[PDB]
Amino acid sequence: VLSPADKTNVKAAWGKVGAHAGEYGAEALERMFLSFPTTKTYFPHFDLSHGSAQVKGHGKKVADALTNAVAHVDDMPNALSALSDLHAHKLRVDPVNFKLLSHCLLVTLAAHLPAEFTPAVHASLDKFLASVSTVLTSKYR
């Protein structure tokens, strides 16, 4: 589980993302599509090319969800329950895919937060992202 410190470092790192959340999510995704091609299968109806408005769009959707989660860091199960139902029942994304996108969020994040991405914060974000995935995966079966 997270800790009083994980939570603060999380709120800390995210407050620094600020208004970039949208372009970081898009980047996060781009990195995921190029690094782990198999993930593309879920986005057949997307133009996965660089700069694409769709990725830029979804990425913002994804970042907003996270921003929401950061602020409900002490109550995620219910703060993202709708999203946990969406990915489990309608989309049905294989779970192994969440660890792939989490790894890219971290990368995108490390590439934009030079002074804040410290060994402790990096440890905090990883646990945070693992928890988000755990929630979004809880309704799978």
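Note that residue numbering begins at 1 and tracks the sequence as displayed. Take the two forms, superpose them, and find the largest set of C-alpha atoms that agree within 1.5 Å; that set is the rigid core.
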Query raised in the report: After a rigid core fit, does 87 to 95 or 101 to 109 show more C-alpha displacement in 6 other deposited structures of this protein?
Result: 87 to 95
**Report entry** Mean C-alpha B-factor comparison - 112 to 120 and 78 to 86, higher one
**Finding:** 78 to 86
Report summary line: Comparing 30 to 38 with 89 to 97, the higher average Cα temperature factor in the PDB entry belongs to 89 to 97
Query raised in the report: Say you rank 125, 17, 12, 132 by Cα B-factor from the PDB entry; which sits at the top?
Result: 17
Query raised in the report: Relative to the other modelled residues in the chain, which third contains the C-alpha temperature factor of residue 53: lowest, middle or highest?
Result: highest
Query raised in the report: Against its chain's modelled residues, does residue 68's Cα B factor rank lowest, middle or highest third?
Result: highest
Requested in this report: Could you look up the Cα B-factor of residue 60 in the entry and say which third of the chain it sits in: lowest, middle or highest?
Outcome: highest
